[PDB]
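Read the structure below first, then the notes.
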C-alpha cells in the first residue's frame, strides 16, 4: 500500500484474522475497525475504549455480519473497500504527523472513509464517527518533543541578534544544518579570509549553482572545533539574512537601517562575524544600478575591522566592488568555488551514488563511475564534468532495471489477453448469458494469475541484471544522448567511414584509429578528438570523409562546421566584401569559427583548404588544434573538446586522384598506392607551416582507384539514390549488381569520376521511375535496380 | 430534432399519432402532451398520472378540440407549436443534464410553452403548469447518474493534489482518458528514466505537436500492470501542470511558490514520481530570457532523488538544461518522440478515416490514403506529412460527394417561381381576392412539392455515386492546391512546359521527364527533386522554363526563388553589389539562399550564372544538390527537398540559335537539332569546374527556336498581348492567322526567336492600338487582329 509502521499494519492484519474467523472472504472496513479496538493499547484501540468499545463490542456487530462464516474465505485478501481505507489512513497519517502509518491513523482513516463497513458497524453500535476521530486525535498532538529553542548563552548580542536574524552557531547546537558537499579547500580558505578584519570577508566566487552555501556552513563548524585561529575563536557568527532586514516595511531604506543597527552592535570588537550575502550588490558598485549602496557604512566598519564579515559575491561583481576603493576590498578576497573538474567529478558522483538505490540498480560498478565522467568528456559534450557523470551512472542503472521488467519477454501480451475476456465476460453477464459469462470469468482468472506470475517471475531477471551498471551500461546511456555504443561506433568506425569515402582505405583507417583511440576514452579531450590534415583529391578523397565522420560519431552528415581558408587568403573583405568582417581573421575569431563550434561543440569542424592561407590564420586554428579552445567573440570559450577537427588541404591531389590501377602492370597498383601514400604527407608540409601540422593526430591520406575508388564514387551517388525516397515513402536501392553496371558507363580516359550522378540518374533513377509510373511497383516496397542477366532489371525485395 | 433520447422523440411521434387519430392535421402541443401522458411508464407519463391525468383525461380535451377529424390530416407533420415544445424540452433537459433529452423533458417543455395547446389543455383539465413541471422534476430531474464519487483514496496527497492537478494515476483506474498515440517502446524508455533518480527525468523531445502527452499516460499504466521495477512497485505518479497554477494567481512569484509546494510533498521519497510538463519552460535557460527559471528548485531536488520526475523539454532544450550544470543534466535525459514521417502518416490517415464517416466519401480507400500521403510529400510539401495527407483524402472526400448532390435537378428555379407565388398569393390573400388568391395558393403548393421531388432526385445519384474517394480523387484535390490527376501534371509536364517556353523542345522534354521521374519517386527527393543545368540563351528559353516548371510541378508560376551565384563570386559584386564591410558570399551562406528556400521549400531555386561564379560558391551549390540541405544562418536547415535547383549557364547559345530549318539544306538542320541538343551539355563542362555541375541530375539544353518553334513563341507573346488589356477591361485576340503573320518575323537560321515579343509589339500591339486610339474602337469592345488576305486586319465583333 505504502510505507506503514507496525501499529497500523497490526490493526489491518487483524482484519485478515477476521477474514477467516468471521468468514469475510474479502475483509471490509469492519474488520479493520475490529482490528483497531483489538490491539487494545494501540492509540486507535484506546480511542475506541473511550467510546466504550472493546474488542468484544466491535466484534459482536462484526459477527452479526457474515457470522463465522465463509471460513474458506475465498480471496483471503482485502476488499476494494478496505483497500480504500488502508490507502486513506496511511496518507491520513502522513497528514497527522506520521511519515508512515500508526494505529490511530487507521481509526482516523476509518472515520475519513465514513460510509464503509466500519462506519455502519459503529452507527449500529451507537457511537458517532467523529467522536471516534476525536478520541484518536486527543492521543496525538501537543508536539514540541525533540525540540525547543535557544539564542546564545552569551547574547551580549541582543539588540542586533533579536531583530534579525538566524545565527549559524545557534542552528548548529543540535546540528539541523546540512554540510553541504564541498568545495572542501574553500571551507579551509574561508577561515583564512575570516580571521581577518581588513580582509574581513572571504568572498566566494563561482557557479552559484553548485552550492556556494556549503562553504559558508564551514565557518560555523571550524570556529567551534578547531581549524580556526585564536582570532576566529572567541567569536559569534550571525547571518545577515536579507528578508528580515528589509522587513515588512518592504523598502531599501529599512534594509539599510537594520544593517546599520548590526554595525553599531559590532562593538564586540570584531569578535562578531556578520555574513553579508551578495556583498558587491550592497557595495552598490558596478552596473547601471548598484542594488543599494551600503558601502558607505560598510567601508569604515570593515576597515576598522570591528565589522568582521563573510562575503558571498559573484565572479565579476566582486571586481566591481573592490574597484570602488579604499577599504571596500578590505573585506572581500576571492576564493575558488569548486565546480568539479574531472577527477573531483568522480568523487561527487560516488557521494550521492548509493542513494540512487531509492530508484534502484545503481550504485555499482566503479568502472562505471569512471566511465560516467570520462565517456561524457569525449562523447557528449560541453556539459559540466560531474553533471555528465552522475547522469550516466543513474541512466544505465535503471535502463536495465526496466529491461528486467520488460523481459518478461513481452508477457505484457498476457495482460492484453485478460482484457478481451473481462469485456466478453462482463457484457455476457449483462445479457445473462449466465454460464455464457461463466466461462469468460473463469478464462479471466486463468489469465490473471498467469499474467502476474510471469511479470514477477522476472524478478529473477532483476536478480540477474538489475545491478551491474558498468562502463558498457554507461556508454549505452552516453550514446542515448549522442563502453557498448560509444566504442562500437569506434571499433566499426573504419567500416562506417569507408561506406561514404570513395576508396581511400588509408584515409578511413587513419581517421578511424585516431578518433577510436580518443573517443573510446583514451586521448585528446581538451583539443579535438582528432585534429587532422587530409590531403587527397576531391570526390575520390577528402570531403566525403569529413562528411562520413560527422555522420558516424556525432549523428547525421550535416553535423559539420565549414569555414573556407581560401577566404583567409584574406583581402576578400576590403573591397570584394565578404560576410561581416571586422577584418578577416577577426571574422573567424570574432564570429564565424568560434560561434559555429559554440553552436555545435559536438561536430566535425571542417576548416577547408588551409593551403596557401595566411600562416597567421593557422596560428588561430593552432589554438583549436592544441587547446581546443578559442576565446573570442564576446568572451566566449568555445569547446572543441568533443569535436573532430578535420582540415583539408591538397596540392598533391593529382596523384591522389590518379588511380592505384593495373594501368600498365600490377606494380602500378602497388606503387601508385605508395605514390599517394607519399603525396599527401609532403604536399602537406609544402602547403603550410609544420607548427600547424604538429597539433594534428594523423595525416590522412587519400588515394584513388584500383578499379575501385572510382566505383565507390558511383556508389556515393548511388547511395544518395538509395537514401532519398523514404522521406516521401519508398525504399530504393541500386543493387550492387547494377552499381557495377552503372559504373561501366563512367569510364573514359579523358573524362570520368564526375558523370556518375547523371548516369545513375539515367540508368537507375530514370529507369525505375518510368516503370513505377506504369504501376509495376506498390508503395513502400524496396526497389533494387539490379543486373540479373547483364542488363538492368528492377527487382523488389520489400 | 437533434440527436436526443428516444423517450422524448417517442412522445413527439405520439403527437403525430394524435394528428391523424383526432384529425388535427398538424400537431400542436396538445398532441405532444397526449404523447406524454400516454406512454405510461415514461417519466413524463408517470408524472401526468400523478397530477391525475391519464391518457384518457388529456385525450378527452384533445378529442374536444377536433376529435375525428380530418384523418387525412393534411400535412401530417408538426407545426411551430409542437416544434417549440421540442426546442423547449431540450432546454428543460439542459437544466437536468440531458443533451439526450427524454420523456420528462417534453412534459417540462410543455410547461415552458404556456398559453399554448398543451398548456391550455392542462389549464382546462385543472392542472397548473408548474405543478406539472414539479411532478416531472421530482422523478427525473434529480439526476445522480453513474455515481462513483470520484477520487482514488489517500489524504497525504493534500498539499500536492489540492493545487493542481488531475493525476495520471486517477485517469488510469477506470481508464477515463485517451492513450493517445505512441511511441510505445518510448513509454518503456521513459519508465527506465523512472527507474533512476540522478538522471531522474526522461525528457521527451519532439514537436509539441505530436500528442507527446500520450507517452506520459503510458507510464501510469506500466507502473500499475505489472512488469515494472522494485522501484516502481511503490511508485505513484502525481502531476505538476502549469496552466491551473497561473490561472487566478497572475504573478510569477506566487506561481513559483506553488511549484515549491509541489516539490515539498515529494517527501514520500522513493514512492513518488512527479510529472513536470513543459520542463523546458521551467529550466528557463538556453534562450536570452527564461520562461520562469524554476530550475533552481528542480535541480537539487532531482539530485537528492526525493524528486524524481517525468520531463517534457524540447528538441534543443535537452542540451540547454544539460548545459546548465551541475545536476541539471541529472534531471533531463532524452527520449525519442516523432511527428509522423510518411509511413506513419498512412497509418494516421486510416485511423481517423472512420471518424470522417458523416460524409460517405471518407470512407475509402487504401489507395486514397496512399495518394494523400505520397502526393502530399512531393507536392505541398509545405506542411507536415500526415496533416497534408489527411487533408487530401478529405479534400477529395467531399469534392465528389458534392458531385453526387451538386444539384438534384436544379428546381431552385422552381423555388424562384414558388417565391413569386408566395408574394402574388400573399398579397391576393391579403385583399380577399378570395378566388384571386385560390389559384395563387394552389400555384404555391403545386410548385412547392415539385421543388422537393427533384431536390431529392440526386439521391438516385447517391445510389450511383455515394462513395468514391480513390487515388485519382485525391490527386485532383492535391492538384487543386498545387496518384493520377496530380501525376498528370508530371506525366503531361512536357505539354505544360512547352506552352510557356520559347520553343526549346530539347529543354522541355528533358526537364519535364526528369522532374516527372523524380516526382514519380525515383530521381532524388533528398537532393533537389530536380537538379539541372539550363544551358543556352537567356530569355530565349531558359528563365521562361524555370517559371513554367514552378507552375506545373509546384502550382504557381512565381514559386521560384532566384539567387545569382556570380555575385557570390565578388567579381561583379566587388563594386556593384557591395560597399561597406559585409558583402556577397556572406549573403549566400548567411541568409539569402538559405532563408528564402526555407520559407518556400517547394520552389524553383534558380541559381544564375554558375560557370564564372565563385569556386567557393560551387562547393556550397554541390552541397545543395547532393545533401539536399545546407546548414548555414547559424544552424538553420534549408530544405532543398522538393526544390528544383536550376543552375543556368550562359554557354551553348550558338547551336541553340542554329535550328532545325524547314529549308536551308535538309542535312544540317535536322542535325543542328541533334547538334544543339548534344553539344550544349558539353560546352558547359568545358567552361568550368565539373564537380558541382555533374552532381546534378540532368543537363538541360535550351534552343532559341528550332524553326518549328516560331509559331509557338508568337502564341506565348499573343497570350501576353491579349491578357494585359483585360486588366483594363478590353478583350483582344489575335487569330492564329494573325499570330502567323507575326511569326514570319522569327523563322531563322541563326537568330533564334527572341525578337518575337517586339515583333508582336510592332505589328499587333502597336497596330491594334493605332486603330483603338483613332476611335475605330472605343473603350470596352472586342478587338481582333486577324489575317484575312495574308495581311493584318483589325476587326470588331462586340
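Neighbour counts are summed over all protein chains in view; Cβ atoms, including those assigned to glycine, are modelled from backbone coordinates with ideal geometry. Only the coordinates and a few stated rules stand behind these numbers; no lab work does.
Here chain A carries DSSP beta bridges of which approximately 20% are antiparallel, counting only pairs with both residues inside. Shielding value for B:782-792 is 0, the average number of Cβ atoms from other chains within 10 Å of each residue's Cβ.
Each copy carries a label point for residue B:633 at 7 Å from Cα along the beta-carbon vector; from one copy to the others these points are 1.9 nm apart, nearest first. Per residue of peptide A:566-576, the mean number of Cβ atoms on other chains within 10 Å of the residue Cβ is 4. Reported to the nearest whole Å, the Cα centre-to-centre distance from segment A:68-125 to segment A:741-783 is 76. Under 8 Å for C-alpha pairs, at least 6 residues apart: give me the relative contact order for segment B:374-474, rounded to a whole percent. For segment B:374-474, the relative contact order is 39 percent.
Among A:96-105, A:381-390, A:449-458, B:572-581, sorting by the average number of other beta carbon atoms lying within 10 angstrom of each residue, highest first, gives A:381-390, A:96-105, A:449-458, B:572-581. In terms of surrounding Cβ atoms within a 10 Å radius of their Cβ, B:745, A:570, B:227 rank from fewest to most as B:745, A:570, B:227. Placing a label point 7 Å from the Cα of residue A:420 along the Cα-to-Cβ direction, the distances to the matching points in the other copies come to 6.8 nm, shortest first. Relative protection proxy for A:217-223, A:462-468, from highest mean packing down: A:217-223, A:462-468 (other beta-carbon atoms within 10 angstrom). The alpha carbon centroids of segment B:190-265 and segment A:413-473 are separated by 27 Å. Normalised by the number of residues in segment B:235-385, the average gap of Cα pairs under 8 Å and 6 or more apart makes the relative contact order 17 percent.
Between the beta carbons of residue A:198 and residue A:260, assuming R0 = 25 Å, the FRET efficiency works out to 0.75 to the nearest 0.05. Here segment A:18-37 and segment A:604-671 have alpha carbon centers that stand 81 Å from each other. Once you sort the root eigenvalues of the Cα gyration tensor of the protein assembly as shown as a ≥ b ≥ c, which label holds: rounded (a/c under 1.5), prolate (a/b larger than b/c) or oblate (the other case)? Note, shape of the protein assembly as shown comes out oblate.
Taking a ≥ b ≥ c as the square roots of the Cα gyration tensor eigenvalues, with a/c under 1.5 meaning rounded and otherwise prolate when a/b beats b/c, else oblate, which class fits segment B:218-370? Cα axes put segment B:218-370 in the prolate bin. Counting every other Cβ atom within 10 Å of each residue's Cβ, B:376, A:718 order from fewest to most as A:718, B:376.
As a rough guide to protection, the peptides B:560-567, B:787-794 ranked by mean Cβ packing within 10 Å, highest first, stand as B:560-567, B:787-794. In chain A, helices alone account for a calculated mean residue ellipticity at 222 nm of -13500 deg cm²/dmol, with every DSSP H run of four or more residues adding -39,500 (n - 2.57). Once a ≥ b ≥ c are taken as the square roots of the eigenvalues of the Cα gyration tensor of segment B:156-229, is the result rounded (a/c under 1.5), prolate (a/b larger than b/c) or oblate (a/b not larger than b/c)? In terms of gyration-tensor shape, rounded. Mean separation of Cα pairs under 8 Å and 6+ residues apart, divided by the residue count of segment A:507-607: what relative contact order is that in percent? Normalised by residue count, the contact order of segment A:507-607 is 24 percent. Return the FRET efficiency for the residue pair residue A:749, residue B:576: r is the Cβ-Cβ distance, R0 is 30 Å, and the value is rounded to the nearest 0.05. The pair residue A:749/residue B:576 has a calculated efficiency of 0.10. Of all DSSP bridge pairs formed entirely within the protein assembly as shown, close to 20 percent run antiparallel. Averaged over the residues of peptide B:301-312, the number of Cβ atoms from other protein chains lying within 10 Å of each residue's Cβ is 2. With the simple spin-label model, which puts each label point 7 Å out from Cα in the Cβ direction, the residue B:773 to residue B:433 separation comes to 6.2 nm.
Label-to-label distances for residue B:150 across copies, nearest first, come out at 5.1 nm, using points 7 Å from Cα in the beta-carbon direction.
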